[PDB]
Protein chains: 4
Amino acid sequence: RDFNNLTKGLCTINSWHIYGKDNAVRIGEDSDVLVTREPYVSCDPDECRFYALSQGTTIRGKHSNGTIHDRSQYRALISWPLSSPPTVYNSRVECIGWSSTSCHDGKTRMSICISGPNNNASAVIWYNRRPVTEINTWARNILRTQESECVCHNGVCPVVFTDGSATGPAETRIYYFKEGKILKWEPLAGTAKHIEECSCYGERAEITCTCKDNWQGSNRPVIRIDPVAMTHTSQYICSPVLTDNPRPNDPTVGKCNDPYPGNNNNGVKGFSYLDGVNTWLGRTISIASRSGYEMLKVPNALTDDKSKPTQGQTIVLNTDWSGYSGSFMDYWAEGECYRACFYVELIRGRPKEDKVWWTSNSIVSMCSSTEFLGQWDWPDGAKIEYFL
Amino acid sequence: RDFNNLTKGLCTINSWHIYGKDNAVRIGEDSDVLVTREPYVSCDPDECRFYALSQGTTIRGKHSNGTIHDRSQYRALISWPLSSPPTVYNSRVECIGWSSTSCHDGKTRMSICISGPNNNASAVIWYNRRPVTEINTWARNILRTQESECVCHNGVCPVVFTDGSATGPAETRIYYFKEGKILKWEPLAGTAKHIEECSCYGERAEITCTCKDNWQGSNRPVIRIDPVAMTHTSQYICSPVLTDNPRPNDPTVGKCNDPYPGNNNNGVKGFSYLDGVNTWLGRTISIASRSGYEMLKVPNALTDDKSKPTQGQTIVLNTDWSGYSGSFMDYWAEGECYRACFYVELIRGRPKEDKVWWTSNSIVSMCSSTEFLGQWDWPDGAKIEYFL
Amino acid sequence: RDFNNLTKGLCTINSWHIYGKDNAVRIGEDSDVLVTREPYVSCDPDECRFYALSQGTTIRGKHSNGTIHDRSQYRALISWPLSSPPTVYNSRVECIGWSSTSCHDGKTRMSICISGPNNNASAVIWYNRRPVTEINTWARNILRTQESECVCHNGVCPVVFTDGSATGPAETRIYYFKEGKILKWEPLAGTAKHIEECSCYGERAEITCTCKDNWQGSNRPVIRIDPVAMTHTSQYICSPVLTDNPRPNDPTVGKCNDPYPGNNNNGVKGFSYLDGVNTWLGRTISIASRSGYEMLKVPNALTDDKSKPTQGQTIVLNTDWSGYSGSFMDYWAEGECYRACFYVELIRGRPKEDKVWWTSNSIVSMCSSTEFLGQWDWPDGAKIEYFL
Amino acid sequence: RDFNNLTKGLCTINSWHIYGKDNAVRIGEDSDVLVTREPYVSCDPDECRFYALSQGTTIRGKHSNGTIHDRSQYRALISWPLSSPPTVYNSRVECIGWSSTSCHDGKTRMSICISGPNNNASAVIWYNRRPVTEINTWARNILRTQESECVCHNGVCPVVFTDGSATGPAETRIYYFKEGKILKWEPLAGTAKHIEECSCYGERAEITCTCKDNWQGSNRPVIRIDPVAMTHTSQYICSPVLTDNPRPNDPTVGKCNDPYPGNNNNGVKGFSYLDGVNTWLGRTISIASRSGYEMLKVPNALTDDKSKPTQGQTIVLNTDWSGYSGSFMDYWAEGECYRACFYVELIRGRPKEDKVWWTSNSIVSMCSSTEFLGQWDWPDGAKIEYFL
Ligand SMILES: *[C@@H]1O[C@H](CO)[C@@H](O[C@@H]2O[C@H](CO)[C@@H](O[C@@H]3O[C@H](CO[C@H]4O[C@H](CO)[C@@H](O)[C@H](O)[C@@H]4O)[C@@H](O)[C@H](O[C@H]4O[C@H](CO)[C@@H](O)[C@H](O)[C@@H]4O[C@H]4O[C@H](CO)[C@@H](O)[C@H](O)[C@@H]4O[C@H]4O[C@H](CO)[C@@H](O)[C@H](O)[C@@H]4O)[C@@H]3O)[C@H](O)[C@H]2NC(C)=O)[C@H](O)[C@H]1NC(C)=O
Ligand SMILES: *[C@@H]1O[C@H](CO)[C@@H](O[C@@H]2O[C@H](CO)[C@@H](O[C@@H]3O[C@H](CO[C@H]4O[C@H](CO)[C@@H](O)[C@H](O)[C@@H]4O)[C@@H](O)[C@H](O[C@H]4O[C@H](CO)[C@@H](O)[C@H](O)[C@@H]4O[C@H]4O[C@H](CO)[C@@H](O)[C@H](O)[C@@H]4O[C@H]4O[C@H](CO)[C@@H](O)[C@H](O)[C@@H]4O)[C@@H]3O)[C@H](O)[C@H]2NC(C)=O)[C@H](O)[C@H]1NC(C)=O
Ligand SMILES: *[C@@H]1O[C@H](CO)[C@@H](O[C@@H]2O[C@H](CO)[C@@H](O[C@@H]3O[C@H](CO[C@H]4O[C@H](CO)[C@@H](O)[C@H](O)[C@@H]4O)[C@@H](O)[C@H](O[C@H]4O[C@H](CO)[C@@H](O)[C@H](O)[C@@H]4O[C@H]4O[C@H](CO)[C@@H](O)[C@H](O)[C@@H]4O[C@H]4O[C@H](CO)[C@@H](O)[C@H](O)[C@@H]4O)[C@@H]3O)[C@H](O)[C@H]2NC(C)=O)[C@H](O)[C@H]1NC(C)=O
Ligand SMILES: *[C@@H]1O[C@H](CO)[C@@H](O[C@@H]2O[C@H](CO)[C@@H](O[C@@H]3O[C@H](CO[C@H]4O[C@H](CO)[C@@H](O)[C@H](O)[C@@H]4O)[C@@H](O)[C@H](O[C@H]4O[C@H](CO)[C@@H](O)[C@H](O)[C@@H]4O[C@H]4O[C@H](CO)[C@@H](O)[C@H](O)[C@@H]4O[C@H]4O[C@H](CO)[C@@H](O)[C@H](O)[C@@H]4O)[C@@H]3O)[C@H](O)[C@H]2NC(C)=O)[C@H](O)[C@H]1NC(C)=O
Ligand SMILES: *[C@@H]1O[C@H](CO)[C@@H](O[C@@H]2O[C@H](CO)[C@@H](O)[C@H](O)[C@H]2NC(C)=O)[C@H](O)[C@H]1NC(C)=O
Ligand SMILES: *[C@@H]1O[C@H](CO)[C@@H](O[C@@H]2O[C@H](CO)[C@@H](O)[C@H](O)[C@H]2NC(C)=O)[C@H](O)[C@H]1NC(C)=O
Ligand SMILES: *[C@@H]1O[C@H](CO)[C@@H](O[C@@H]2O[C@H](CO)[C@@H](O)[C@H](O)[C@H]2NC(C)=O)[C@H](O)[C@H]1NC(C)=O
Ligand SMILES: *[C@@H]1O[C@H](CO)[C@@H](O[C@@H]2O[C@H](CO)[C@@H](O)[C@H](O)[C@H]2NC(C)=O)[C@H](O)[C@H]1NC(C)=O
Ligand SMILES: CCC(CC)O[C@@H]1C=C(C(=O)O)C[C@H](N)[C@H]1NC(C)=O
Ligand SMILES: CCC(CC)O[C@@H]1C=C(C(=O)O)C[C@H](N)[C@H]1NC(C)=O
Ligand SMILES: [Ca+2]
Ligand SMILES: [Ca+2]
Ligand SMILES: [Ca+2]
Ligand SMILES: [Ca+2]
Ligand SMILES: [Ca+2]
């Protein structure tokens, strides 16, 4: 109809309720489920769907061997109905590639897939299910993007890309698209020293992205974008409650403009909702691996370097595998506020579970509630032994 | 379009004709059918569909082992086309959880799923396929609801919940929702001593619910709701024709305001159509187990404590497994009356058939006919031996 | 939109072109295809689909054992996209039962399924995907109907039913429905001595049905219905070119008002287009079994007792299995005439191929061409050996 | 809406970006994927889909044995969602046959399937999913057509057919259809000596077809059609950059009006975009077999007999199997020009990989970019060893 405008502010997050779960690995043990990773969720005005990067093979299929690898010519961004698994029969391919993002602007959807060899990748921007624009690698070192939904405001949908090293400075760019065409692009500015896999959400005409500093920081870099001025700023979450993984133990004071040191060249895509006292941080329970997942209310985390938790909710027990996590919201819901949501990628198989030769995952996702709801843990649920 | 209003009375039930049957267990022996239980049927203005709680695994899949269990994080309310089986590929997830209800108000559908650990469950009310309201457990003991469709009148859709003991008094509440929001809730009143899994239907602006007294009664408790005044009353079916299971043998006189004694802490979800002489009761044939199923016309059963059958129809032979049963009607059909319908859950596997490690079911459903039709029996149809 | 009216006459049939073929048995050897029999084809204003009676099990599934049997509680009328196979995932159940008919009246579709034990069957007439009317058995001996599409004119859709013996006189009735309701019914009149499984088509406000005299006739009985007057007549095809199976060898003169003798208590559903010189008869090649299939142009077959073929087309070689055949046409196609079409049921398995324990079939269907097209043979295509 | 008119010229092709890839053979190793060959891509105004000729069996099914054969009664033209594989469950049959073409005219789609024995084939032209016209073989020797999309202009959709020898002169005809009816047909004229499997595209009211001279030429014959005058001309691509396979090594000067000699009675369906300096040729890398695939920019290839490459892009490595290739474009995309696209059939199995008894393929497809994008190679991806 008309382009959506981020006119509402976030609803108050007093707890998280269960939104969607596909039990893909459980079900896929005996049905045609595609091997995936890098999932996310994204809504259209009339439907919300699960998204991920397929590996171009079923889990039980012999080609599942080797799916720990990230970039092959057999991957593709696919979307499928909320809480169903990604099956060969219900999965819709949005584009071909090994890194992606996607978002609906109110009128139609924009999907971006990057493919190529490490030194010659290219992104192709699809709009209304057609290819419209192409961007060639600018640093010749794995051009890559968000791995979760982008956000639009009045037709403008900003997307964060990174090209170059994952263990040193790189060339991050913020592209502002409208109807799949490039209106403008900036180089990253601000104090964030390295940016990868940004998780974004929007409210009151501002887009917030919580990304990952793969190079040095265990605290998360944050990019705030003005989609009207088409400008942005960058910093780190000030809070001592560190949210990357692996990471050191939490200090009593964090860092606002430098990566918090202790762990180099590693990390995981993650997210956060930064909204004054209505601030909630997601993070793995383990400081060593992608294990467990919890939400922590840390009032003023972004700007208060001594902020510590005031409430919390466990999402996945530390005795269960987690992985990537990101943000999304249904901008077309009823009501006066946007209900914060997020998903957690539950990785199964390699490298942690090497008795099988594949790597895949299932999805669990929650949204906020103004009630103070009881909590449950949500694991993948599959028994690896069955796959042997 | 406009909210549906219960303006018609029931059609005269002279017999029951076959409406839908999915043969899920037969077919699932060699195809991707999800393991389920707690099924029901429910109509939208343009389609009627089968509903149930999936166990997040196929019947032939190795994760089918253990599905006798009721509440896990892998369950979800799913709906699929009438008379098809619940397959991994045609099943639509309405919400995540282990207890549910769902009903269309004429404009759109409301679905409610409860999930959680026993002491910290919560219900989330979805409307127009989006989460709108959340209700936290109030007694911290398995918050649970109908397991069959709710009914709406002018936008108001009442739902009966129970939280607390299953073998002593509990806290039952009747919530009145409109567009997924709570308009009001009452505590249970009347003479019903325990309420669980209500089967409801509506006619001439009144909603009737035949539930289950798990605690003491072998006769069924009944809740009649006025969706305009948003008030209700409760009693038991007066009739000596007892309809719970297990149950004692039928007496010659029943009880109108107390549970009929003889069996404690057990029972099964069931239903009835209470309409003066046009009154029909469903019940298992066996007084000891979920075996067989029959419909009995017991004129004035609700209010006549000596009422006995005047006609009847066998639905499932006593030599076949049955289970839950509930009511639904197509409120959007042509004609001057609402045609009473019902479904019977045909449970296969555990605990009665323990040579297999799973528990599932198929569905058979009938609707009334003003003709006096010949009768047939409708069993699940699967040979367990094939699954060994 | 508006009710369809049979305003056109048949197109000239100079040959038959391939219309649809599903290769169901071939494909089903390694995919979730339902076991069926009694197929047919039928069009809606915007789509033409394949129809059949499922056996409630896949071909490879263990429950396929025993599907030679005709009437069980696991059967159902299903429809699926043209030329696709009937799979567990793409099949839509129209109604439950073991004998059926179905036709679109221009506004919506009417489907009829009969179910029951032999002495207590009942038909339920669905209209606009809802049950509207029910008819109880009147002779208590396998109430049964067409097994191919019915035809409508201005909302009136006549259907031929038979109840009673299959090897002696029976009670055949012609019901005239409008919006699933009964307007009127007649007993069979005319010279046809026994009627079963009528194949019908309509043109210029007249409905022609070529049926089967299971009792005594090897020539086919024909019922011509006036859907406005709601009256009909009956006779046999006069032609010496006999079209039932089994049957005696062709004589030089046939019979117009009595069954042509030689074979008792047996036969197969078949059809014909009776249109003066534009008359074409379908029949198995073998006079002993359901083997092969050919179309023969026999000018004035209905009324000329010495009529013999003037042209012909082989559809299935005598070295391949055939079975039932029936008529249908797309009444919503462009053009000035109705293009005659038909399907042939290609039966595989029992009783002819008993190395397997199942019985199923695939479908091949043709429509007429005003061209004189080259001919090909169209067998099922499956190798039974693969199923052993 | 209204008939589409080829009003735009081609966009400048500076490189090729990835458009679609289905990884059908990889995925089909463990899921219900149909065995195919002769694929292509074609767009409707609101969707672009993959197309191919099914073999009426899954790859893993036992009937896959023997699918190296071209013409059987079990083949059918099927279409399925872009980048999904052709599965038994998501494939839509357009028509029955072993040679086909299909194109949308802006209002609806025309599909043509030819079936028959070698000496008695016939084409049936479907429009708006209904059979409209039939054409009988005129030379009684494998009537055959494009195997890729046709193109329409103001309702007129020309199609090139060939009937007769594949190793000597044959009878090629250009039919001009409108709404599935024949407006006119011409015999082939011009200097092309043999025509088979034309790949066509349209721009600025002219339709260009790059075909195959199976008889003598290693350079490709080209047919340019005026869909308004309904006339055409024919010649060969003048360029020394030879594009058929097998073929001799490239000379320094090609032939404009005679086949370039060196290889007889063999070849492969291929294509090209002939647009002055914006001219790009596709071809296998190997001069001996269907191995590898590359795009070469050969300015003025059609008319310059000494034209050689000025830029190029590898699509498939010479160490991977290729096969057929053809053209298509989305005539309903936004923008001021038509973006050239093409697909490559990646053949797996027989005859090159004979350890398996089947022959199938997957599809990879690209479209042009005005950017100068990095290149990647796109192989089928399946390991034959897994199928043993
Ligand atoms: C039914 O449902 C309800 C609803 O969920 C249940 O009630 C909830 O219960 C939760 C668990 O108790 C509770 O969550 C906790 O909230 C704490 C904050 O509240 C308390 O402090 C505030 C502030 O003073 C008070 O106002 C309030 O009254 C409370 O006293 C959080 O602090 C908790 O998180 C911390 O603990 C967990 C382990 O429990 C850690 O996993 C987590 O990371 C936090 O602790 C680490 O991080 C801090 C900050 O740096 C460190 O100081 C601390 O030492 C930990 O650091 C180590 O561990 C981390 C992680 O591994 C590592 O990185 C680091 O290096 C160190 O190794 C927790 O979130 C809910 O808020 C509460 N909800 C509600 C509405 O009440 C109820 O129990 C259920 N009922 C039943 C019967 O079960
Ligand atoms: C073709 O189709 C038609 C259509 O269906 C067939 O005709 C139908 O046939 C049915 C079976 O006969 C018949 O159903 C019965 O109806 C009885 C009522 O009608 C009779 O009584 C009235 C009232 O006086 C008369 O007007 C009428 O003319 C009849 O005489 C019911 O009473 C029957 O139900 C009871 O019996 C069945 C077993 O048959 C039990 O399963 C059932 O629960 C009922 O009996 C128990 O309950 C009562 C009440 O408490 C007890 O008194 C009794 O002792 C039983 O109690 C024990 O069993 C229960 C259950 O296990 C247990 O809980 C308890 O503790 C005790 O252990 C039955 O419903 C249809 O009405 C009739 N329909 C029509 C239209 O005619 C026709 O036969 C078919 N044709 C062929 C050729 O097959
Ligand atoms: C390419 O394609 C074209 C297009 O299809 C091919 O040409 C077609 O070829 C067909 C086969 O030749 C041909 O079909 C036959 O047509 C005959 C009628 O035409 C002839 O007679 C007329 C009338 O005088 C002439 O005008 C005309 O010029 C011809 O001379 C039919 O009579 C044929 O049917 C009979 O034979 C077949 C076997 O071929 C039987 O299966 C069939 O049942 C018919 O015969 C039985 O029935 C009759 C009637 O009672 C009996 O008299 C006879 O003895 C048979 O009876 C026995 O068998 C039956 C069946 O088993 C049994 O019940 C009975 O008891 C007895 O045992 C046949 O239909 C097409 O018309 C022709 N089409 C066109 C447009 O030309 C062309 O060949 C192909 N090209 C190549 C290179 O292959
Ligand atoms: C990242 O991405 C970019 C973008 O793709 C990469 O850059 C691209 O690199 C490509 C490979 O180098 C390059 O493709 C080549 O382009 C050549 C034309 O450009 C050159 O010549 C022009 C004209 O003078 C100059 O202007 C220009 O500056 C260049 O110097 C083509 O000529 C190439 O094709 C020929 O070679 C390939 C093998 O490389 C053959 O497969 C192909 O068939 C061509 O050669 C055969 O055919 C010719 C013509 O008849 C014969 O003369 C020749 O001998 C060959 O003949 C034999 O082989 C054929 C085929 O088997 C057989 O039939 C015959 O009988 C003989 O046996 C090639 O297409 C891109 O244009 C370039 N793109 C861009 C934008 O720059 C970049 O490298 C990537 N980065 C990294 C780090 O990898
Ligand atoms: C989002 O904001 C823009 C205004 O910036 C709205 O756009 C106006 O929409 C109306 C109706 O389409 C037009 O007449 C105006 O010209 C539009 N645009 C501009 C850019 O001036 C848009 O409608 C808003 N979206 C919604 C859903 O309200
Ligand atoms: C059900 O009853 C309500 C009246 O209570 C009907 O609601 C009225 O509908 C018309 C048309 O939408 C409005 O103008 C009235 O204001 C509506 N509501 C009320 C609450 O006054 C409703 O249309 C009835 N539903 C149907 C299907 O007839
Ligand atoms: C089929 O015939 C009937 C006439 O018998 C047509 O019915 C008339 O349709 C118009 C428009 O709907 C009405 O105003 C008339 O009253 C209708 N009916 C009768 C029974 O008089 C019908 O439209 C015809 N169908 C088509 C497709 O032309
Ligand atoms: C393609 O060209 C034809 C003109 O040749 C356009 O056809 C005209 O369309 C308008 C609106 O439908 C009619 O009033 C004219 O009579 C049409 N046709 C002719 C043949 O004169 C057609 O609309 C064009 N297509 C598009 C998409 O613009
Ligand atoms: C390119 C380096 C980057 C950071 C190490 O790699 C990612 C890490 C991943 C991970 O840590 O799990 C998975 C992503 N699929 C991958 N991105 C790409 C494009 O391969
Ligand atoms: C009829 C001869 C023609 C050229 C040799 O054959 C084609 C070659 C093919 C090929 O070279 O792979 C495949 C096509 N499926 C086939 N066409 C038909 C109708 O069978
Ligand atoms: Ca399987
Ligand atoms: Ca880090
Ligand atoms: Ca009880
Ligand atoms: Ca007979
Ligand atoms: Ca050649």
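Every chain is numbered from 1 and lettered A, B, ... according to where its sequence line falls, protein lines coming before strand lines. Values reported hereafter were calculated over all heavy atoms of this structure, with side chains retained and with hydrogens, waters and symmetry mates removed.
Using a 4.5 Å cut-off between heavy atoms, D/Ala24 makes no contact with chain A at all. Only the backbone of A/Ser72 comes within contact range of chain D, with at least one heavy atom under 4.5 Å from a heavy atom of that chain. Heavy atoms of A/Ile78 lying under 4.5 Å from chain D are absent altogether. For chain D, the nearby part of A/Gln55 is the backbone; its heavy atoms alone come within less than 4.5 Å. A/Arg60 touches chain D through backbone and side chain together, each having a heavy atom under 4.5 Å away. Only the backbone of A/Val132 comes within less than 4.5 Å of a heavy atom in chain D; its side chain stays farther off. Neither the backbone nor the side chain of D/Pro81 has a heavy atom closer than 4.5 Å to any heavy atom of chain A.
Between D/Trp378 and A/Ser115, the closest side-chain pair of non-hydrogen atoms falls below 4.5 Å.
Note on D/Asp30 versus A/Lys62: no salt bridge recorded, every NZ/NE/NH1/NH2 to OD/OE distance being 4.0 Å or above. The pair D/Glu47-A/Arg92 does not meet the salt-bridge criterion, since no charged nitrogen lies less than 4.0 angstrom from a carboxylate oxygen.
Nearest heavy-atom pair, A/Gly56 versus D/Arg26, reported as atom, atom and distance to 0.1 Å: O-NE, 2.9 Å. Taking every heavy atom of both residues into account, D/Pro45 and A/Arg130 meet most closely at O-NH2, 2.8 Å. Of all the heavy atoms in A/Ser122 and D/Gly374, the pair that sits closest is OG-O, 4.5 Å. In terms of heavy-atom proximity, A/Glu134 sits nearest to D/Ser369 at OE1-OG, 2.7 Å.
No side-chain donor-acceptor contact under 3.5 Å links A/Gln73 to the backbone of D/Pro379.
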Open item on the list: side chain to side chain contact (heavy atoms under 4.5 Å, CB included) for A/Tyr74 and D/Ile27? Distances and angles first, verdict last.
Closed with: CA-CA 10 Å; A/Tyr74 323 117; D/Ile27 299 164; over 6 Å; no

Open item on the list: Test side chain to side chain contact (heavy atoms under 4.5 Å, CB included) on D/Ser84 and A/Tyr89; report intermediate values, then the result.
Closed with: CA-CA 8 Å; D/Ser84 272; A/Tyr89 319 122; over 6 Å; no

- [ ] Mind running side chain to side chain contact (heavy atoms under 4.5 Å, CB included) on D/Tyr19 and A/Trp126 for me, showing each step along the way?
- [x] CA-CA 10 Å; D/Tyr19 180 71; A/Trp126 293 65; 3.5 Å; yes

TODO: Take D/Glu371 and A/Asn136 through the test side chain to side chain contact (heavy atoms under 4.5 Å, CB included) and record every step on the way to the result.
DONE: CA-CA 8 Å; D/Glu371 296 304 316; A/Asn136 192 225; 5.6 Å; no

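Among D/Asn90, D/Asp330, D/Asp46, the residue making the largest number of heavy-atom pairs under 4.5 Å with chain A is D/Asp330. Per-residue heavy-atom pair counts under 4.5 Å with chain A were compared for D/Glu385, D/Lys383, D/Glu29, and the maximum is reached by D/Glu29. Contact count versus chain A (heavy atoms, under 4.5 Å) is highest, among D/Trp376, D/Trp80, D/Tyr386, for D/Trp376.
Residue D/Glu334 qualifies as open at atom CD: its count of foreign heavy atoms under 6.0 Å is 12 or below. Within a 6.0 Å radius of CD in D/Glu336, other residues, nucleotides and ligands contribute 12 heavy atoms or fewer. For A/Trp138, the CH2 atom sits in a packed shell: over 12 heavy atoms of surrounding residues, nucleotides or ligands are nearer than 6.0 Å. Around NZ of A/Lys184, the count of heavy atoms belonging to other residues, nucleotides or ligands within 6.0 Å exceeds 12.
When A/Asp32, A/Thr87, A/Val88 are each tested for a side chain to side chain contact (heavy atoms under 4.5 Å, CB included) with D/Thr87, only one passes: A/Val88.
Distance NE2/D/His17 to CD1/A/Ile96: 10.5 Å, rounded to 0.5 Å.
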